[PDB]
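Here is query13.cif, consisting of mmCIF, C-alpha atoms:
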data_final
#
loop_
_atom_site.label_atom_id
_atom_site.label_comp_id
_atom_site.auth_asym_id
_atom_site.auth_seq_id
_atom_site.Cartn_x
_atom_site.Cartn_y
_atom_site.Cartn_z
CA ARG A 4 -3.11 -20.02 28.04
CA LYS A 5 -4.46 -19.30 24.54
CA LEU A 6 -3.61 -17.84 21.12
CA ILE A 7 -5.65 -15.13 19.45
CA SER A 8 -5.81 -14.32 15.76
CA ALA A 9 -7.85 -11.54 14.24
CA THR A 10 -8.37 -10.49 10.64
CA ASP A 11 -9.54 -7.04 9.57
CA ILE A 12 -11.78 -7.80 6.59
CA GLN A 13 -12.07 -4.13 5.72
CA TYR A 14 -8.37 -3.29 6.03
CA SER A 15 -7.34 -3.70 2.40
CA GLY A 16 -10.14 -1.44 1.10
CA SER A 17 -9.49 1.39 3.56
CA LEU A 18 -5.74 1.25 3.04
CA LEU A 19 -6.07 1.37 -0.74
CA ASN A 20 -8.60 4.18 -0.52
CA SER A 21 -6.37 6.23 1.76
CA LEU A 22 -3.52 5.56 -0.70
CA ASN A 23 -5.62 6.64 -3.67
CA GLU A 24 -6.52 9.88 -1.88
CA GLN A 25 -2.83 10.42 -1.12
CA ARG A 26 -1.97 10.27 -4.80
CA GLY A 27 -4.83 12.58 -5.68
CA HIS A 28 -3.00 15.21 -3.65
CA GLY A 29 0.54 13.97 -4.37
CA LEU A 30 0.99 13.01 -0.73
CA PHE A 31 4.10 10.86 -0.27
CA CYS A 32 4.31 10.44 -4.05
CA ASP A 33 7.87 9.87 -5.18
CA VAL A 34 7.44 9.41 -8.91
CA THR A 35 5.78 11.17 -11.81
CA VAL A 36 4.62 9.23 -14.88
CA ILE A 37 4.08 11.14 -18.10
CA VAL A 38 1.71 9.66 -20.66
CA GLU A 39 0.80 11.59 -23.76
CA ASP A 40 1.11 14.93 -22.07
CA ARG A 41 -0.76 14.08 -18.89
CA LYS A 42 1.24 13.65 -15.66
CA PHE A 43 0.36 11.08 -13.02
CA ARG A 44 1.87 11.40 -9.55
CA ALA A 45 2.25 8.12 -7.66
CA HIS A 46 4.08 5.86 -5.18
CA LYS A 47 6.96 3.64 -6.33
CA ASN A 48 6.27 1.03 -3.62
CA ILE A 49 2.77 0.46 -4.98
CA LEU A 50 3.70 0.46 -8.68
CA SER A 51 6.73 -1.75 -8.12
CA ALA A 52 4.63 -4.26 -6.18
CA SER A 53 1.88 -4.40 -8.77
CA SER A 54 3.67 -3.87 -12.07
CA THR A 55 6.59 -5.89 -13.40
CA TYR A 56 7.58 -3.03 -15.70
CA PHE A 57 7.70 -0.47 -12.88
CA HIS A 58 9.35 -3.11 -10.70
CA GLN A 59 12.17 -3.11 -13.25
CA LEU A 60 12.37 0.68 -13.56
CA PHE A 61 12.34 1.49 -9.86
CA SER A 62 15.28 -0.69 -8.93
CA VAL A 63 17.32 2.31 -10.06
CA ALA A 64 17.30 6.08 -9.63
CA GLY A 65 14.52 7.94 -11.41
CA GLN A 66 11.87 10.45 -10.40
CA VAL A 67 10.24 10.70 -13.84
CA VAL A 68 9.21 8.04 -16.31
CA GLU A 69 7.96 8.70 -19.80
CA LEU A 70 5.67 6.12 -21.38
CA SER A 71 4.70 5.66 -25.03
CA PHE A 72 2.26 3.45 -26.92
CA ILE A 73 -0.39 3.96 -24.23
CA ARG A 74 -3.11 6.61 -24.11
CA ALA A 75 -3.50 8.74 -21.00
CA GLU A 76 -7.11 7.71 -20.25
CA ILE A 77 -6.08 4.06 -20.56
CA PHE A 78 -3.16 4.51 -18.18
CA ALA A 79 -5.49 6.36 -15.80
CA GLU A 80 -7.50 3.11 -15.62
CA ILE A 81 -4.43 0.98 -14.90
CA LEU A 82 -3.72 3.26 -11.97
CA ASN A 83 -7.27 3.24 -10.72
CA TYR A 84 -6.94 -0.52 -10.58
CA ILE A 85 -3.53 -0.42 -9.01
CA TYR A 86 -5.17 1.75 -6.34
CA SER A 87 -8.48 -0.11 -5.91
CA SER A 88 -8.17 -3.67 -7.21
CA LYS A 89 -11.08 -2.87 -9.56
CA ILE A 90 -11.79 -1.58 -13.01
CA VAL A 91 -15.26 -0.07 -12.91
CA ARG A 92 -17.71 0.32 -15.78
CA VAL A 93 -15.07 0.36 -18.46
CA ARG A 94 -16.59 0.57 -21.95
CA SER A 95 -16.31 -2.66 -23.95
CA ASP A 96 -14.25 -1.35 -26.87
CA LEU A 97 -11.51 0.23 -24.70
CA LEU A 98 -11.04 -3.20 -23.22
CA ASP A 99 -8.82 -4.70 -25.85
CA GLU A 100 -6.65 -1.62 -25.53
CA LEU A 101 -6.66 -1.78 -21.73
CA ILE A 102 -5.63 -5.45 -21.86
CA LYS A 103 -2.62 -4.48 -23.99
CA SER A 104 -1.38 -1.76 -21.67
CA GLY A 105 -1.67 -4.26 -18.85
CA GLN A 106 0.51 -6.54 -20.97
CA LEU A 107 3.07 -3.81 -21.65
CA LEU A 108 3.26 -2.81 -17.98
CA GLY A 109 3.07 -6.33 -16.61
CA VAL A 110 -0.10 -5.92 -14.58
CA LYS A 111 -1.20 -9.55 -14.63
CA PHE A 112 -4.87 -9.03 -13.84
CA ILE A 113 -5.37 -6.50 -16.64
CA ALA A 114 -3.23 -8.49 -19.08
CA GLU A 115 -5.47 -11.49 -18.48
CA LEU A 116 -8.95 -10.09 -18.86
CA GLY A 117 -9.08 -12.18 -22.06
CA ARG B 4 -22.41 -1.27 -26.33
CA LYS B 5 -21.66 -2.49 -22.78
CA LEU B 6 -19.81 -1.70 -19.54
CA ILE B 7 -17.38 -4.08 -17.90
CA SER B 8 -16.32 -4.14 -14.27
CA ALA B 9 -13.83 -6.55 -12.78
CA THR B 10 -12.61 -7.01 -9.23
CA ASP B 11 -9.35 -8.71 -8.30
CA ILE B 12 -10.25 -10.57 -5.10
CA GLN B 13 -6.63 -11.47 -4.46
CA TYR B 14 -5.18 -8.01 -5.12
CA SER B 15 -5.11 -6.69 -1.57
CA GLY B 16 -3.29 -9.76 -0.20
CA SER B 17 -0.59 -9.80 -2.88
CA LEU B 18 -0.03 -6.06 -2.65
CA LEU B 19 0.34 -6.16 1.13
CA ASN B 20 2.63 -9.16 0.93
CA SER B 21 4.85 -7.50 -1.66
CA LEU B 22 4.89 -4.41 0.60
CA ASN B 23 5.82 -6.47 3.65
CA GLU B 24 8.69 -8.07 1.73
CA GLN B 25 9.82 -4.60 0.65
CA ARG B 26 10.11 -3.48 4.25
CA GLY B 27 11.95 -6.65 5.20
CA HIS B 28 14.69 -5.47 2.87
CA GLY B 29 14.15 -1.72 3.38
CA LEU B 30 12.99 -1.34 -0.21
CA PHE B 31 11.40 2.07 -0.77
CA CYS B 32 11.33 2.60 3.00
CA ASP B 33 11.48 6.27 3.88
CA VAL B 34 11.26 6.18 7.65
CA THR B 35 12.91 4.42 10.56
CA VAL B 36 11.05 3.84 13.82
CA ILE B 37 13.09 3.18 16.94
CA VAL B 38 11.42 1.29 19.78
CA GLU B 39 13.40 0.25 22.81
CA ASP B 40 16.59 -0.16 20.88
CA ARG B 41 15.18 -2.05 17.92
CA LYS B 42 14.85 -0.22 14.58
CA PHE B 43 11.97 -0.80 12.19
CA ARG B 44 12.27 0.40 8.60
CA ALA B 45 8.97 1.24 6.90
CA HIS B 46 6.88 3.28 4.44
CA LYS B 47 5.30 6.59 5.50
CA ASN B 48 2.40 6.20 3.04
CA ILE B 49 1.34 2.97 4.71
CA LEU B 50 1.79 4.12 8.31
CA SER B 51 0.12 7.45 7.66
CA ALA B 52 -2.88 5.72 6.06
CA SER B 53 -3.29 3.23 8.86
CA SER B 54 -2.20 5.10 11.97
CA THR B 55 -3.55 8.42 13.20
CA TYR B 56 -0.39 9.02 15.21
CA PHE B 57 1.91 8.49 12.23
CA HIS B 58 -0.55 10.45 10.11
CA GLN B 59 0.15 13.38 12.43
CA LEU B 60 3.92 12.91 12.47
CA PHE B 61 4.42 12.48 8.73
CA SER B 62 2.72 15.71 7.72
CA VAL B 63 6.12 17.24 8.49
CA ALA B 64 9.78 16.51 7.80
CA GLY B 65 11.25 13.56 9.67
CA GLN B 66 13.17 10.43 8.71
CA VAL B 67 13.40 9.02 12.24
CA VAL B 68 10.81 8.66 14.97
CA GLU B 69 11.50 7.54 18.49
CA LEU B 70 8.69 5.86 20.41
CA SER B 71 8.37 5.24 24.15
CA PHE B 72 5.91 3.37 26.37
CA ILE B 73 5.73 0.50 23.87
CA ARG B 74 7.85 -2.66 23.79
CA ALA B 75 9.62 -3.64 20.59
CA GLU B 76 7.92 -7.03 20.19
CA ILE B 77 4.54 -5.35 20.67
CA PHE B 78 5.31 -2.72 18.04
CA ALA B 79 6.53 -5.49 15.73
CA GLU B 80 2.97 -6.89 15.92
CA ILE B 81 1.36 -3.54 15.11
CA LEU B 82 3.49 -3.45 11.99
CA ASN B 83 2.74 -7.01 11.02
CA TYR B 84 -0.90 -6.01 11.11
CA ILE B 85 -0.32 -2.79 9.27
CA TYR B 86 1.31 -4.97 6.60
CA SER B 87 -1.13 -7.91 6.56
CA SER B 88 -4.47 -6.88 8.06
CA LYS B 89 -4.02 -9.72 10.58
CA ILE B 90 -2.60 -10.42 13.98
CA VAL B 91 -1.74 -14.10 14.06
CA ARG B 92 -1.56 -16.39 17.08
CA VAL B 93 -0.84 -13.63 19.54
CA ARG B 94 -0.62 -14.93 23.11
CA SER B 95 -3.59 -13.94 25.29
CA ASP B 96 -1.71 -11.96 27.94
CA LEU B 97 0.15 -9.71 25.47
CA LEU B 98 -3.25 -8.72 24.18
CA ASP B 99 -4.12 -6.09 26.72
CA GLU B 100 -0.74 -4.55 26.03
CA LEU B 101 -1.20 -4.78 22.25
CA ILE B 102 -4.61 -3.09 22.55
CA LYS B 103 -2.95 -0.17 24.36
CA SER B 104 -0.26 0.40 21.78
CA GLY B 105 -2.98 0.38 19.16
CA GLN B 106 -4.66 3.07 21.25
CA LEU B 107 -1.48 5.14 21.54
CA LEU B 108 -0.75 4.90 17.81
CA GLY B 109 -4.36 5.26 16.69
CA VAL B 110 -4.67 1.93 14.90
CA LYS B 111 -8.43 1.52 15.28
CA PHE B 112 -8.62 -2.23 14.75
CA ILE B 113 -6.00 -2.99 17.41
CA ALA B 114 -7.39 -0.36 19.80
CA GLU B 115 -10.77 -2.06 19.57
CA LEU B 116 -9.98 -5.70 20.13
CA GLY B 117 -11.80 -5.24 23.47
#

Would you mind writing the file's structure down as structure tokens?
Amino acid sequence: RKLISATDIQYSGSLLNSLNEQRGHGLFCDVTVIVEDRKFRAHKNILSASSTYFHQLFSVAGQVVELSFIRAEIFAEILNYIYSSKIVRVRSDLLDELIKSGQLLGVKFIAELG
Amino acid sequence: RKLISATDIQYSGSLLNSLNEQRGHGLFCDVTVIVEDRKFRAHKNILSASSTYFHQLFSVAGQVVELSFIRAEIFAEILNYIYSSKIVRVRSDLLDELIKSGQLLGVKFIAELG
């Protein structure tokens, strides 16, 4: 008569990495985000969960969203984070800009790097 | 002239928890799994990433999958893990059974509790 609990310390990382690979190939991706003229394919369940702006958007029909006021390479970073929990070796000047796009999109961790 | 990296230690947990809540309400869920006569709503991107059996299934059309040889309450646990990275206070006798369903579904961490 006993209870067992187990935690998979590596789960989160492998999941996220599989999910990031999925979006690299468009696997299971149900939305396309267009920034400047670059198109990012992605998963609504992930963006909704992690972004208050996308949370708002995806409570209604929509397969395409067009964003302004944010550069493609900056948005690329927001996604990389959304799909890894990390920003990695970002250059110090792009930071202020990155922080702002996090603010616009409601990605708390990016918004609050300052 | 400098590079910045940041890691969000809490990201994985919040993401997973938001995702688990989503499936509790069927939000963004694109598959239904029927075990015994219980129906579980879920996300293909998550199950594909985490289960080799579902990975196989979801490379083709299909909105419903019917499983046999696995009890509902046992499958419920596999999902809870898939959506938390943890099994929590599982009773010791159900374990052997849980391990087997992990084997059938190809959920490495569950398969390898022995």

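We find atom CA of residue 84 of chain B and atom CA of residue 91 of chain A to be spaced 28.6 Å apart.
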
- request: Return as a PyMOL selection string the residues belonging to chain A that are within 7 Å of chain B, counting only C-alpha atoms.
  value: chain A and resi 4-11+14-15+18+21-22+31+48+52-53+88-95

Selection to disk with C-alpha atoms, as a compact mmCIF listing (two decimals), keeping the file's coordinate frame:
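In the end it all went to again30.txt:
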# COMPACT_ATOMS: atom_id res chain seq x y z
CA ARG A 4 -3.11 -20.02 28.04
CA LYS A 5 -4.46 -19.30 24.54
CA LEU A 6 -3.61 -17.84 21.12
CA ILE A 7 -5.65 -15.13 19.45
CA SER A 8 -5.81 -14.32 15.76
CA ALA A 9 -7.85 -11.54 14.24
CA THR A 10 -8.37 -10.49 10.64
CA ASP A 11 -9.54 -7.04 9.57
CA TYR A 14 -8.37 -3.29 6.03
CA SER A 15 -7.34 -3.70 2.40
CA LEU A 18 -5.74 1.25 3.04
CA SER A 21 -6.37 6.23 1.76
CA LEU A 22 -3.52 5.56 -0.70
CA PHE A 31 4.10 10.86 -0.27
CA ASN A 48 6.27 1.03 -3.62
CA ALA A 52 4.63 -4.26 -6.18
CA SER A 53 1.88 -4.40 -8.77
CA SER A 88 -8.17 -3.67 -7.21
CA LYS A 89 -11.08 -2.87 -9.56
CA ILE A 90 -11.79 -1.58 -13.01
CA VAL A 91 -15.26 -0.07 -12.91
CA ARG A 92 -17.71 0.32 -15.78
CA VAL A 93 -15.07 0.36 -18.46
CA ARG A 94 -16.59 0.57 -21.95
CA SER A 95 -16.31 -2.66 -23.95

If chain A is fitted onto chain B by least squares over all C-alpha atoms, taken pair by pair in sequence order, what do its new coordinates look like as an mmCIF file with C-alpha atoms, in the coordinates of the input?
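Written out: out10.cif:
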data_model
loop_
_atom_site.group_PDB
_atom_site.id
_atom_site.type_symbol
_atom_site.label_atom_id
_atom_site.label_comp_id
_atom_site.auth_asym_id
_atom_site.auth_seq_id
_atom_site.Cartn_x
_atom_site.Cartn_y
_atom_site.Cartn_z
ATOM 1 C CA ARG A 4 -22.409 -1.268 -26.322
ATOM 2 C CA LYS A 5 -21.664 -2.492 -22.782
ATOM 3 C CA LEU A 6 -19.811 -1.698 -19.544
ATOM 4 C CA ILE A 7 -17.379 -4.081 -17.900
ATOM 5 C CA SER A 8 -16.321 -4.141 -14.270
ATOM 6 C CA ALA A 9 -13.832 -6.547 -12.780
ATOM 7 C CA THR A 10 -12.609 -7.010 -9.228
ATOM 8 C CA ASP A 11 -9.345 -8.714 -8.299
ATOM 9 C CA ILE A 12 -10.250 -10.577 -5.107
ATOM 10 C CA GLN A 13 -6.631 -11.470 -4.461
ATOM 11 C CA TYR A 14 -5.179 -8.013 -5.118
ATOM 12 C CA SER A 15 -5.113 -6.688 -1.562
ATOM 13 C CA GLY A 16 -3.286 -9.760 -0.196
ATOM 14 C CA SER A 17 -0.589 -9.799 -2.881
ATOM 15 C CA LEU A 18 -0.025 -6.059 -2.652
ATOM 16 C CA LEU A 19 0.334 -6.155 1.126
ATOM 17 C CA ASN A 20 2.628 -9.162 0.922
ATOM 18 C CA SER A 21 4.852 -7.497 -1.657
ATOM 19 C CA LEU A 22 4.891 -4.417 0.608
ATOM 20 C CA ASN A 23 5.816 -6.477 3.657
ATOM 21 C CA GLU A 24 8.695 -8.067 1.734
ATOM 22 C CA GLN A 25 9.815 -4.595 0.650
ATOM 23 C CA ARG A 26 10.110 -3.480 4.252
ATOM 24 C CA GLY A 27 11.942 -6.648 5.202
ATOM 25 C CA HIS A 28 14.685 -5.464 2.864
ATOM 26 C CA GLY A 29 14.149 -1.718 3.382
ATOM 27 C CA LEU A 30 12.998 -1.343 -0.211
ATOM 28 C CA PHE A 31 11.401 2.069 -0.773
ATOM 29 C CA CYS A 32 11.325 2.601 2.998
ATOM 30 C CA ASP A 33 11.483 6.272 3.877
ATOM 31 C CA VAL A 34 11.251 6.180 7.652
ATOM 32 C CA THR A 35 12.914 4.423 10.552
ATOM 33 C CA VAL A 36 11.050 3.840 13.825
ATOM 34 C CA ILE A 37 13.083 3.176 16.945
ATOM 35 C CA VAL A 38 11.416 1.289 19.777
ATOM 36 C CA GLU A 39 13.395 0.250 22.805
ATOM 37 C CA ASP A 40 16.593 -0.164 20.879
ATOM 38 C CA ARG A 41 15.177 -2.054 17.920
ATOM 39 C CA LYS A 42 14.852 -0.227 14.577
ATOM 40 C CA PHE A 43 11.967 -0.798 12.191
ATOM 41 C CA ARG A 44 12.272 0.396 8.598
ATOM 42 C CA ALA A 45 8.971 1.239 6.905
ATOM 43 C CA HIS A 46 6.880 3.281 4.442
ATOM 44 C CA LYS A 47 5.301 6.586 5.505
ATOM 45 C CA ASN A 48 2.404 6.204 3.036
ATOM 46 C CA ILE A 49 1.335 2.964 4.704
ATOM 47 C CA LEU A 50 1.792 4.120 8.310
ATOM 48 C CA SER A 51 0.113 7.458 7.659
ATOM 49 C CA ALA A 52 -2.873 5.725 6.062
ATOM 50 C CA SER A 53 -3.290 3.223 8.865
ATOM 51 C CA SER A 54 -2.193 5.101 11.971
ATOM 52 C CA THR A 55 -3.555 8.421 13.196
ATOM 53 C CA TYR A 56 -0.393 9.025 15.216
ATOM 54 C CA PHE A 57 1.917 8.491 12.233
ATOM 55 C CA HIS A 58 -0.555 10.446 10.108
ATOM 56 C CA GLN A 59 0.144 13.381 12.421
ATOM 57 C CA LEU A 60 3.922 12.910 12.463
ATOM 58 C CA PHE A 61 4.419 12.489 8.732
ATOM 59 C CA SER A 62 2.724 15.708 7.718
ATOM 60 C CA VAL A 63 6.117 17.239 8.482
ATOM 61 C CA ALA A 64 9.778 16.506 7.807
ATOM 62 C CA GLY A 65 11.254 13.559 9.675
ATOM 63 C CA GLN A 66 13.170 10.436 8.715
ATOM 64 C CA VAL A 67 13.400 9.019 12.249
ATOM 65 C CA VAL A 68 10.804 8.654 14.963
ATOM 66 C CA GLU A 69 11.508 7.539 18.490
ATOM 67 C CA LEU A 70 8.698 5.865 20.413
ATOM 68 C CA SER A 71 8.364 5.238 24.151
ATOM 69 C CA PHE A 72 5.916 3.370 26.370
ATOM 70 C CA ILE A 73 5.736 0.499 23.870
ATOM 71 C CA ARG A 74 7.847 -2.658 23.791
ATOM 72 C CA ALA A 75 9.622 -3.633 20.588
ATOM 73 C CA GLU A 76 7.916 -7.038 20.196
ATOM 74 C CA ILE A 77 4.541 -5.344 20.664
ATOM 75 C CA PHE A 78 5.308 -2.718 18.036
ATOM 76 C CA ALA A 79 6.524 -5.497 15.731
ATOM 77 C CA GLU A 80 2.967 -6.891 15.925
ATOM 78 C CA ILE A 81 1.361 -3.540 15.107
ATOM 79 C CA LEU A 82 3.492 -3.451 11.986
ATOM 80 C CA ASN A 83 2.747 -7.013 11.025
ATOM 81 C CA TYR A 84 -0.895 -6.016 11.108
ATOM 82 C CA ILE A 85 -0.320 -2.792 9.269
ATOM 83 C CA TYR A 86 1.309 -4.971 6.600
ATOM 84 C CA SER A 87 -1.134 -7.909 6.557
ATOM 85 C CA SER A 88 -4.469 -6.873 8.061
ATOM 86 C CA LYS A 89 -4.011 -9.718 10.576
ATOM 87 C CA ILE A 90 -2.597 -10.421 13.979
ATOM 88 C CA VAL A 91 -1.735 -14.106 14.054
ATOM 89 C CA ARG A 92 -1.557 -16.391 17.077
ATOM 90 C CA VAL A 93 -0.840 -13.631 19.531
ATOM 91 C CA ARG A 94 -0.626 -14.930 23.109
ATOM 92 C CA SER A 95 -3.588 -13.937 25.290
ATOM 93 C CA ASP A 96 -1.708 -11.961 27.945
ATOM 94 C CA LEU A 97 0.153 -9.703 25.465
ATOM 95 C CA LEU A 98 -3.246 -8.716 24.182
ATOM 96 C CA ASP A 99 -4.118 -6.092 26.721
ATOM 97 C CA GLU A 100 -0.739 -4.543 26.028
ATOM 98 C CA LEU A 101 -1.199 -4.775 22.259
ATOM 99 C CA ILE A 102 -4.608 -3.090 22.549
ATOM 100 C CA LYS A 103 -2.957 -0.172 24.365
ATOM 101 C CA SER A 104 -0.253 0.398 21.780
ATOM 102 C CA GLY A 105 -2.981 0.381 19.163
ATOM 103 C CA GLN A 106 -4.666 3.074 21.250
ATOM 104 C CA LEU A 107 -1.482 5.135 21.543
ATOM 105 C CA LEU A 108 -0.758 4.897 17.812
ATOM 106 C CA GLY A 109 -4.353 5.259 16.696
ATOM 107 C CA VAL A 110 -4.671 1.940 14.901
ATOM 108 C CA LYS A 111 -8.422 1.524 15.278
ATOM 109 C CA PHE A 112 -8.621 -2.224 14.748
ATOM 110 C CA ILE A 113 -6.006 -2.989 17.406
ATOM 111 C CA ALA A 114 -7.388 -0.367 19.795
ATOM 112 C CA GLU A 115 -10.773 -2.059 19.573
ATOM 113 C CA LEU A 116 -9.983 -5.703 20.135
ATOM 114 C CA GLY A 117 -11.803 -5.239 23.466
#

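With all atoms listed in the file as the atoms that count, the minimum distance from residue 44 of chain B to the choices B:27, B:70, B:63, B:56 is reached by B:27.
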
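Atom CA of residue 37 of chain B is found 19.6 Å from atom CA of residue 102 of chain B.
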
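We find atom CA of residue 79 of chain A and atom CA of residue 104 of chain A to be spaced 10.8 Å apart.
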
Centre, x/y/z edge lengths, axis-aligned box for segment 27-34 of chain B with 3 Å per side, as AutoDock Vina command-line options:
--center_x 13.0 --center_y -0.2 --center_z 3.4 --size_x 9.4 --size_y 18.9 --size_z 14.4

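If you count all atoms listed in the file and draw a sphere of 10 Å around (-1.8, 11.3, -14.2), the protein and nucleic acid residues inside it come out as residues 26, 27, 35, 36, 37, 38, 39, 40, 41, 42, 43, 44, 45, 75, 76, 78, 79 and 82 of chain A.
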